[PDB]
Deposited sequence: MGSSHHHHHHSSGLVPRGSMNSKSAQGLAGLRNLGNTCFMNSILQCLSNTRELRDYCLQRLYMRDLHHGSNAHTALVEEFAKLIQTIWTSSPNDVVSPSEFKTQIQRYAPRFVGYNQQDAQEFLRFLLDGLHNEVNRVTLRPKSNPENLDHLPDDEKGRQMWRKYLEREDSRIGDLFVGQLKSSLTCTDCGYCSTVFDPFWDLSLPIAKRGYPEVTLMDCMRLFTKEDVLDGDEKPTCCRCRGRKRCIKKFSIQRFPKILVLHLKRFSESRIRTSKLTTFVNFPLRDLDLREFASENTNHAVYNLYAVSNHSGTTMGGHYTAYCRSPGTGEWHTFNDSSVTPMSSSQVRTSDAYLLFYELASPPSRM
């Protein structure tokens, strides 16, 4: 059985181990490391302070050449991430999604195909979809890597003035989506709440450029481009600060997001392959991961040193915090 290596907790590093295992079981990312394809994308060598990709890839390699029950130490990798992002220095518990964003940012920057990022425009003459495509091309002139190939999508935000009827549109790239907890509550309810028409009034009235006054506007998201790997981050934060422990019912296969698409499409169906779990209180809690092996299709719990089998029926729990979906 391949890739079933545990990771040693170095002191409150279960957040790190959870995310590493989610990435380890991200098929195309894993292969990028195993086939050493990053070597062609790095433009120069590293030193002791800049070997993030190198140490990440070696860790993935070690996990996927281990025997089952092997425990691997990610100390050298941790040294590299904390040098890139000093917030990870030391041994406090950290948020898994914060770690995810910093790690992928560093991996991406190091293998960016753009080596000299170039230094906007009025696109109102264009139809929505053509403008979207122009904005996407502009983004790729600055950010273009094999890591981006996997995780990057494009949100369309539509802002309609209820007075003059002008709908203003912007296209924001995204590497993940942080979804509100809606309303048992389903993952589809959360995505519906994310994308719902939001009435902006009172202290939230935007200024409409046409009316040149504060106006009640309606803002609505749709997805202009769907990423190969969809990372969904559940906003488990309640107002009255403390953790929202609501059971969110997410599907293991056939997450169909065609309804949230900007245009009619067919390539918006996802299968789950990993989950980052947080159990316990807002402070002093603990991270594990459930991951589907890309080779066998079987699920395992990865809890630091301990890797154990589980049924797919045990994957869905109220501790699910990050969901890793792949295009079907």
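Novice: Which deposited-sequence positions, grouped into ranges, are missing C-alpha coordinates?
Specialist: Since the structure holds only modelled residues, the stretches it omits are 1-24, 144-145, 210-213, 271-273, 362-367.
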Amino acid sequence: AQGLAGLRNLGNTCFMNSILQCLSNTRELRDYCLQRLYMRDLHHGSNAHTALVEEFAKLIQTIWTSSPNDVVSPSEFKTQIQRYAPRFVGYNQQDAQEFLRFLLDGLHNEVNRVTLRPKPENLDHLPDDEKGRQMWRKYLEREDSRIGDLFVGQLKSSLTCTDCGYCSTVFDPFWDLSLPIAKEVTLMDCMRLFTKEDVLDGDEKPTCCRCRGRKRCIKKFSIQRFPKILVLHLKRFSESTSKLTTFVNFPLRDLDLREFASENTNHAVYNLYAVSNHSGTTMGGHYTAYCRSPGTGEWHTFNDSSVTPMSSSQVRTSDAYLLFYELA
From here on, numbers count along this sequence of modelled residues.
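Novice: For the stretches 257-265 and 58-66, which has the higher mean C-alpha B-factor as given in the deposited record?
Specialist: Averaging CA B-factors over each stretch, the winner is 257-265.
Novice: Test of understanding: from the entry's C-alpha B-factors, which stretch has the higher mean, 270-278 or 35-43?
Specialist: Mean CA B-factor is higher for 35-43.
Novice: In terms of recorded Cα temperature factor, pick the maximum from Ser145, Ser75, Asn92, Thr207.
Specialist: The record points to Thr207.
Novice: According to the deposited entry, which of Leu159, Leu103, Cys211, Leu230 has the largest Cα B-factor?
Specialist: In the PDB entry, the greatest C-alpha B-factor among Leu159, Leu103, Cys211, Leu230 is found at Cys211.
Novice: Of the three thirds of its chain by CA temperature factor, lowest, middle or highest, which one includes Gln314?
Specialist: According to the entry, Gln314 has a C-alpha B-factor in the chain's middle third.
Novice: C-alpha B factor of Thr296, ranked within the chain: lowest, middle or highest third?
Specialist: Within its chain, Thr296 is a highest-third residue by C-alpha B-factor, going by the deposited values.
Novice: Which third, lowest, middle or highest, does the CA B-factor of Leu52 fall in along this chain?
Specialist: For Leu52, whose C-alpha B-factor we compare with every modelled residue in the chain, the answer is the middle third.
Novice: Can you work out whether the C-alpha temperature factor of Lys183 puts it in the lowest, middle or highest third of the chain?
Specialist: For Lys183, whose C-alpha B-factor we compare with every modelled residue in the chain, the answer is the highest third.
Novice: Where does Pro127 sit by CA temperature factor within its chain: lowest, middle or highest third?
Specialist: Highest third.
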